[PDB]
>>> print(open('model.pdb').read())   # PDB, C-alpha atoms
ATOM      1  CA  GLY A 883     -28.936  75.354  10.140
ATOM      2  CA  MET A 884     -30.889  72.080   9.957
ATOM      3  CA  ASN A 885     -28.289  70.166   7.920
ATOM      4  CA  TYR A 886     -25.548  67.909   9.263
ATOM      5  CA  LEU A 887     -24.775  66.180   5.928
ATOM      6  CA  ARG A 888     -22.764  67.872   3.180
ATOM      7  CA  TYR A 889     -23.855  65.591   0.345
ATOM      8  CA  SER A 890     -25.544  62.378   1.506
ATOM      9  CA  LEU A 891     -24.665  59.970   4.285
ATOM     10  CA  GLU A 892     -23.140  57.645   1.616
ATOM     11  CA  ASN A1265     -13.991  50.466 -11.460
ATOM     12  CA  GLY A1266     -11.597  49.059  -8.810
ATOM     13  CA  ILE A1267     -13.902  46.175  -7.798
ATOM     14  CA  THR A1268     -11.894  43.044  -6.940
ATOM     15  CA  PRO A1269     -12.955  39.440  -6.269
ATOM     16  CA  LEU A1270     -12.291  39.994  -2.556
ATOM     17  CA  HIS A1271     -14.850  42.809  -2.693
ATOM     18  CA  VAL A1272     -17.474  40.568  -4.305
ATOM     19  CA  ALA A1273     -17.023  37.526  -2.049
ATOM     20  CA  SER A1274     -17.043  39.789   1.037
ATOM     21  CA  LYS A1275     -20.269  41.486  -0.012
ATOM     22  CA  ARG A1276     -21.874  38.084  -0.716
ATOM     23  CA  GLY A1277     -20.667  36.657   2.591
ATOM     24  CA  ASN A1278     -18.778  33.734   1.010
ATOM     25  CA  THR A1279     -16.278  33.072   3.796
ATOM     26  CA  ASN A1280     -14.587  30.074   2.154
ATOM     27  CA  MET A1281     -13.930  31.940  -1.075
ATOM     28  CA  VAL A1282     -12.529  34.938   0.805
ATOM     29  CA  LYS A1283     -10.193  32.527   2.575
ATOM     30  CA  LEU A1284      -9.125  31.047  -0.775
ATOM     31  CA  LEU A1285      -8.595  34.463  -2.356
ATOM     32  CA  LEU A1286      -6.567  35.536   0.684
ATOM     33  CA  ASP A1287      -4.482  32.357   0.772
ATOM     34  CA  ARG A1288      -3.539  32.829  -2.909
ATOM     35  CA  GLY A1289      -2.246  36.370  -2.272
ATOM     36  CA  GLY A1290      -5.300  38.554  -2.917
ATOM     37  CA  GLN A1291      -4.995  42.101  -1.652
ATOM     38  CA  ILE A1292      -6.883  42.399   1.620
ATOM     39  CA  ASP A1293      -7.033  46.208   1.528
ATOM     40  CA  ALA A1294      -7.760  46.876  -2.147
ATOM     41  CA  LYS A1295      -9.895  50.033  -2.534
ATOM     42  CA  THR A1296     -12.666  50.738  -5.052
ATOM     43  CA  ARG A1297     -13.007  54.093  -6.827
ATOM     44  CA  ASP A1298     -14.975  55.371  -3.786
ATOM     45  CA  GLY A1299     -12.378  53.883  -1.431
ATOM     46  CA  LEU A1300     -14.258  50.779  -0.267
ATOM     47  CA  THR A1301     -12.237  47.844   1.029
ATOM     48  CA  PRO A1302     -13.466  44.266   1.268
ATOM     49  CA  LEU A1303     -13.987  44.816   5.000
ATOM     50  CA  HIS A1304     -16.336  47.708   4.143
ATOM     51  CA  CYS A1305     -18.296  45.367   1.868
ATOM     52  CA  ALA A1306     -18.644  42.627   4.485
ATOM     53  CA  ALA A1307     -19.624  45.101   7.216
ATOM     54  CA  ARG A1308     -22.122  47.003   5.072
ATOM     55  CA  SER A1309     -23.870  43.719   4.206
ATOM     56  CA  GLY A1310     -23.854  42.280   7.727
ATOM     57  CA  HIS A1311     -21.596  39.257   7.110
ATOM     58  CA  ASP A1312     -20.087  38.997  10.556
ATOM     59  CA  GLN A1313     -18.076  35.841  10.008
ATOM     60  CA  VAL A1314     -16.519  37.383   6.872
ATOM     61  CA  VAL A1315     -15.799  40.483   8.991
ATOM     62  CA  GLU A1316     -14.228  38.289  11.673
ATOM     63  CA  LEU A1317     -12.121  36.422   9.111
ATOM     64  CA  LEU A1318     -10.962  39.648   7.450
ATOM     65  CA  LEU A1319     -10.017  41.212  10.774
ATOM     66  CA  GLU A1320      -8.214  38.052  11.890
ATOM     67  CA  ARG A1321      -6.200  38.270   8.670
ATOM     68  CA  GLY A1322      -5.199  41.896   9.294
ATOM     69  CA  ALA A1323      -7.642  43.920   7.210
ATOM     70  CA  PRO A1324      -7.275  47.572   8.269
ATOM     71  CA  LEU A1325     -10.367  48.623  10.176
ATOM     72  CA  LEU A1326      -9.301  52.297  10.048
ATOM     73  CA  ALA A1327      -9.696  52.438   6.272
ATOM     74  CA  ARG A1328     -12.143  55.101   5.257
ATOM     75  CA  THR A1329     -13.950  55.874   2.026
ATOM     76  CA  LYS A1330     -13.701  59.159   0.175
ATOM     77  CA  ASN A1331     -16.485  60.538   2.435
ATOM     78  CA  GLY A1332     -14.807  59.158   5.580
ATOM     79  CA  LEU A1333     -16.936  56.103   6.331
ATOM     80  CA  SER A1334     -15.063  53.348   8.126
ATOM     81  CA  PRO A1335     -16.387  49.765   8.292
ATOM     82  CA  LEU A1336     -17.838  50.567  11.708
ATOM     83  CA  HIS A1337     -19.903  53.391  10.143
ATOM     84  CA  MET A1338     -21.240  51.016   7.483
ATOM     85  CA  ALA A1339     -22.113  48.303  10.000
ATOM     86  CA  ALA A1340     -24.052  50.901  11.977
ATOM     87  CA  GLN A1341     -25.746  52.026   8.770
ATOM     88  CA  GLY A1342     -27.229  48.563   8.417
ATOM     89  CA  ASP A1343     -27.964  47.793  12.117
ATOM     90  CA  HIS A1344     -25.399  44.969  11.841
ATOM     91  CA  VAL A1345     -24.870  44.421  15.552
ATOM     92  CA  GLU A1346     -22.524  41.457  15.371
ATOM     93  CA  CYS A1347     -20.374  43.242  12.797
ATOM     94  CA  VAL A1348     -20.161  46.240  15.126
ATOM     95  CA  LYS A1349     -19.231  43.889  17.972
ATOM     96  CA  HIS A1350     -16.374  42.324  15.961
ATOM     97  CA  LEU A1351     -15.012  45.707  14.860
ATOM     98  CA  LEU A1352     -15.011  47.174  18.400
ATOM     99  CA  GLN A1353     -13.438  43.929  19.656
ATOM    100  CA  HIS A1354     -10.543  44.536  17.263
ATOM    101  CA  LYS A1355      -9.910  48.060  18.693
ATOM    102  CA  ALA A1356     -11.973  50.099  16.193
ATOM    103  CA  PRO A1357     -12.436  53.601  17.697
ATOM    104  CA  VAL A1358     -16.033  53.881  18.836
ATOM    105  CA  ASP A1359     -16.154  57.586  17.908
ATOM    106  CA  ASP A1360     -14.276  57.415  14.612
ATOM    107  CA  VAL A1361     -15.641  60.276  12.512
ATOM    108  CA  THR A1362     -16.426  60.691   8.825
ATOM    109  CA  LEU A1363     -15.687  63.826   6.815
ATOM    110  CA  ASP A1364     -19.012  65.295   8.054
ATOM    111  CA  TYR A1365     -17.745  64.624  11.602
ATOM    112  CA  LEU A1366     -20.272  61.788  12.137
ATOM    113  CA  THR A1367     -19.546  58.995  14.580
ATOM    114  CA  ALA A1368     -21.192  55.620  14.213
ATOM    115  CA  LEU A1369     -23.648  56.781  16.898
ATOM    116  CA  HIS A1370     -24.631  59.755  14.709
ATOM    117  CA  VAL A1371     -25.207  57.279  11.891
ATOM    118  CA  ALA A1372     -27.303  54.866  13.977
ATOM    119  CA  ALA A1373     -29.366  57.828  15.178
ATOM    120  CA  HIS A1374     -29.838  59.083  11.641
ATOM    121  CA  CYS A1375     -31.030  55.630  10.514
ATOM    122  CA  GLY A1376     -33.077  55.046  13.679
ATOM    123  CA  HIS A1377     -31.258  51.807  14.553
ATOM    124  CA  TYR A1378     -32.128  51.210  18.209
ATOM    125  CA  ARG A1379     -30.059  48.025  18.473
ATOM    126  CA  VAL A1380     -26.673  49.320  17.341
ATOM    127  CA  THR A1381     -27.311  52.627  19.157
ATOM    128  CA  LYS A1382     -27.529  50.727  22.465
ATOM    129  CA  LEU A1383     -24.388  48.733  21.713
ATOM    130  CA  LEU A1384     -22.399  51.847  20.803
ATOM    131  CA  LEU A1385     -23.628  53.646  23.889
ATOM    132  CA  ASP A1386     -22.561  50.713  26.050
ATOM    133  CA  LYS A1387     -19.111  50.893  24.396
ATOM    134  CA  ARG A1388     -18.751  54.518  25.599
ATOM    135  CA  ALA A1389     -19.818  56.321  22.418
ATOM    136  CA  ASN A1390     -20.060  59.971  23.334
ATOM    137  CA  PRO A1391     -23.810  60.793  23.288
ATOM    138  CA  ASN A1392     -23.008  64.498  22.883
ATOM    139  CA  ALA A1393     -20.524  64.141  19.986
ATOM    140  CA  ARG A1394     -20.734  67.137  17.657
ATOM    141  CA  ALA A1395     -21.104  66.518  13.944
ATOM    142  CA  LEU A1396     -21.375  69.165  11.212
ATOM    143  CA  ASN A1397     -23.084  72.320  12.492
ATOM    144  CA  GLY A1398     -22.850  71.036  16.077
ATOM    145  CA  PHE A1399     -25.522  68.355  15.742
ATOM    146  CA  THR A1400     -25.366  65.753  18.480
ATOM    147  CA  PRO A1401     -26.905  62.306  17.974
ATOM    148  CA  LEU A1402     -29.914  63.560  19.965
ATOM    149  CA  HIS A1403     -30.389  66.526  17.580
ATOM    150  CA  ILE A1404     -30.284  64.013  14.715
ATOM    151  CA  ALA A1405     -32.766  61.605  16.281
ATOM    152  CA  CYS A1406     -35.111  64.570  16.900
ATOM    153  CA  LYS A1407     -34.837  65.729  13.298
ATOM    154  CA  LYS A1408     -35.464  62.228  11.931
ATOM    155  CA  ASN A1409     -38.255  61.346  14.371
ATOM    156  CA  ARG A1410     -36.383  58.406  15.913
ATOM    157  CA  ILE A1411     -38.348  57.982  19.165
ATOM    158  CA  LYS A1412     -36.739  54.825  20.594
ATOM    159  CA  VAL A1413     -33.237  56.074  19.734
ATOM    160  CA  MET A1414     -33.855  59.442  21.397
ATOM    161  CA  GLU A1415     -35.044  57.749  24.601
ATOM    162  CA  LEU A1416     -31.905  55.626  24.607
ATOM    163  CA  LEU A1417     -29.669  58.662  24.113
ATOM    164  CA  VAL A1418     -31.440  60.645  26.823
ATOM    165  CA  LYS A1419     -31.139  57.697  29.218
ATOM    166  CA  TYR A1420     -27.387  57.536  28.497
ATOM    167  CA  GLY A1421     -26.768  61.206  29.204
ATOM    168  CA  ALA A1422     -27.427  63.073  25.975
ATOM    169  CA  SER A1423     -27.836  66.761  26.781
ATOM    170  CA  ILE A1424     -31.465  67.947  26.418
ATOM    171  CA  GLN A1425     -30.148  71.516  26.238
ATOM    172  CA  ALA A1426     -27.225  71.091  23.789
ATOM    173  CA  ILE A1427     -27.290  73.663  20.973
ATOM    174  CA  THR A1428     -26.206  73.532  17.333
ATOM    175  CA  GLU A1429     -24.278  76.420  15.787
ATOM    176  CA  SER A1430     -27.518  78.390  15.249
ATOM    177  CA  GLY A1431     -28.511  77.772  18.855
ATOM    178  CA  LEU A1432     -31.116  75.076  18.118
ATOM    179  CA  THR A1433     -31.886  72.816  21.051
ATOM    180  CA  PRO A1434     -33.375  69.399  20.383
ATOM    181  CA  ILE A1435     -36.869  70.746  21.062
ATOM    182  CA  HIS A1436     -36.359  73.504  18.480
ATOM    183  CA  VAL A1437     -35.419  70.823  15.934
ATOM    184  CA  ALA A1438     -38.322  68.506  16.757
ATOM    185  CA  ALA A1439     -40.765  71.441  16.813
ATOM    186  CA  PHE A1440     -39.632  72.789  13.455
ATOM    187  CA  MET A1441     -39.950  69.276  11.984
ATOM    188  CA  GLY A1442     -43.439  68.727  13.418
ATOM    189  CA  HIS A1443     -42.469  65.693  15.523
ATOM    190  CA  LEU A1444     -45.125  65.915  18.213
ATOM    191  CA  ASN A1445     -44.180  62.858  20.281
ATOM    192  CA  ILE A1446     -40.484  63.861  20.302
ATOM    193  CA  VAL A1447     -41.435  67.327  21.576
ATOM    194  CA  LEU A1448     -43.468  65.718  24.359
ATOM    195  CA  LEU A1449     -40.600  63.342  25.274
ATOM    196  CA  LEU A1450     -38.233  66.283  25.594
ATOM    197  CA  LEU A1451     -40.721  68.289  27.639
ATOM    198  CA  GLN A1452     -41.254  65.257  29.833
ATOM    199  CA  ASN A1453     -37.471  64.972  30.305
ATOM    200  CA  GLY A1454     -37.057  68.583  31.434
ATOM    201  CA  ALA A1455     -36.601  70.503  28.161
ATOM    202  CA  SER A1456     -37.379  74.187  28.382
ATOM    203  CA  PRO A1457     -40.032  75.357  25.894
ATOM    204  CA  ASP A1458     -38.906  78.959  26.463
ATOM    205  CA  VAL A1459     -35.265  78.810  25.281
ATOM    206  CA  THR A1460     -34.556  80.901  22.169
ATOM    207  CA  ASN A1461     -32.308  80.352  19.167
ATOM    208  CA  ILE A1462     -29.876  82.980  17.921
ATOM    209  CA  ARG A1463     -32.667  84.707  15.957
ATOM    210  CA  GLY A1464     -34.676  84.876  19.233
ATOM    211  CA  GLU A1465     -37.290  82.218  18.338
ATOM    212  CA  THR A1466     -38.854  79.715  20.709
ATOM    213  CA  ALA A1467     -39.676  76.201  19.583
ATOM    214  CA  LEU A1468     -43.244  77.519  19.406
ATOM    215  CA  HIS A1469     -42.164  80.326  17.065
ATOM    216  CA  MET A1470     -40.293  77.843  14.891
ATOM    217  CA  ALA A1471     -43.187  75.366  14.714
ATOM    218  CA  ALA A1472     -45.577  78.159  13.748
ATOM    219  CA  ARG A1473     -43.155  79.486  11.144
ATOM    220  CA  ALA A1474     -43.082  75.977   9.640
ATOM    221  CA  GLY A1475     -46.867  75.563   9.817
ATOM    222  CA  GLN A1476     -46.756  72.525  12.178
ATOM    223  CA  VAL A1477     -50.332  72.581  13.444
ATOM    224  CA  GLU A1478     -50.069  69.645  15.875
ATOM    225  CA  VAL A1479     -46.892  70.946  17.538
ATOM    226  CA  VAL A1480     -48.166  74.533  17.727
ATOM    227  CA  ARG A1481     -51.301  73.352  19.569
ATOM    228  CA  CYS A1482     -49.202  71.223  21.925
ATOM    229  CA  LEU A1483     -46.719  73.977  22.833
ATOM    230  CA  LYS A1484     -49.587  76.466  23.262
ATOM    231  CA  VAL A1485     -51.331  74.024  25.628
ATOM    232  CA  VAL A1486     -48.086  73.380  27.536
ATOM    233  CA  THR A1487     -47.222  77.097  27.874
ATOM    234  CA  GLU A1488     -50.382  79.271  27.462
TER     235      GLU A1488
END
>>> encode(input="model.pdb", output="structure tokens")
Amino acid sequence: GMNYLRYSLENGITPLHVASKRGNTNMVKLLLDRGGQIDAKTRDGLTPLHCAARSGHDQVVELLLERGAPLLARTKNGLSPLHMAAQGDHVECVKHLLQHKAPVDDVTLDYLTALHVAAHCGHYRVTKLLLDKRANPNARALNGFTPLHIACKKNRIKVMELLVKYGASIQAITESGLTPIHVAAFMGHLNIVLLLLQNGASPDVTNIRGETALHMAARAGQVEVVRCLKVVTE
């Protein structure tokens, strides 16, 4: 009900992988010019472009892309290089990838877009860039979690404000009928609850088991949120 990740977010190692992770642009060039395999995959399915993007080496990223590295390559769990750049708040890497036609709402095997990933990590900067590149702020991951549901679960206040400002649905429900305020209330995230209430969220909506956010917060023993919702309603 509260989960959107199946496992975690998440030999075969070649010299291109190592130089790309270390951001050594000249060596990557040399390895490429001598025939090295630009799309070699590790045991987990990582390409050199994954390694450069996960580590934030934007000029290695740019060089790899310019040389035809496949930006659609995904790991065993479905992470593309865009997902890994978002994981590390690597804005310029995200810029280069989107500039080379990377799909903004590419999904992993848990159905997460890069925006889901930035929300999960609380990366305000890449969140804003993805939203400006028409990332869908209501994209549905595993169990119907939108990026706003994720930011509310993880207590990402700046991210949630960004998503709300860009049209994330305050009333969207997961597959158990949890609204964002249900999620934030169950998790004891008092300031998130107040931001949703301030942005029009109904404290009275019920989940499929018939519980309000107040009922969920009390079930979870969240003293601060229980007091707040009692003050706001009673």
>>> atom_distance(input="model.pdb", atom1="atom CA of residue 1342 of chain A", atom2="atom CA of residue 1381 of chain A")
11.5 Å
>>> resolve_selection(input="model.pdb", expression="the PyMOL selection byres ((chain A and resi 1311) around 10)", output="PyMOL selection string")
chain A and resi 1274-1279+1303+1305-1310+1312-1316+1339+1344+1346-1347
>>> residues_around(input="model.pdb", residues="residue 1327 of chain A", least_positions_apart="4", cutoff="10 Å", atoms="only C-alpha atoms", output="list in words")
residues 1293, 1295, 1299, 1300, 1301, 1303, 1304, 1323, 1332, 1333, 1334, 1335 and 1336 of chain A
>>> atom_distance(input="model.pdb", atom1="atom CA of residue 1282 of chain A", atom2="atom CA of residue 1351 of chain A")
17.9 Å
>>> closest_residue(input="model.pdb", among="A:1429, A:1488, A:1458, A:1364", to="residue 890 of chain A", atoms="all atoms listed in the file")
A:1364
>>> resolve_selection(input="model.pdb", expression="the PyMOL selection byres ((chain A and resi 1461) around 10)", output="PyMOL selection string")
chain A and resi 1427-1433+1436+1458-1460+1462-1467+1470
>>> closest_residue(input="model.pdb", among="A:1288, A:1328, A:1271, A:1387", to="residue 1353 of chain A", atoms="all atoms listed in the file")
A:1387
>>> closest_residue(input="model.pdb", among="A:1452, A:1476, A:885, A:1367", to="residue 1401 of chain A", atoms="all atoms listed in the file")
A:1367
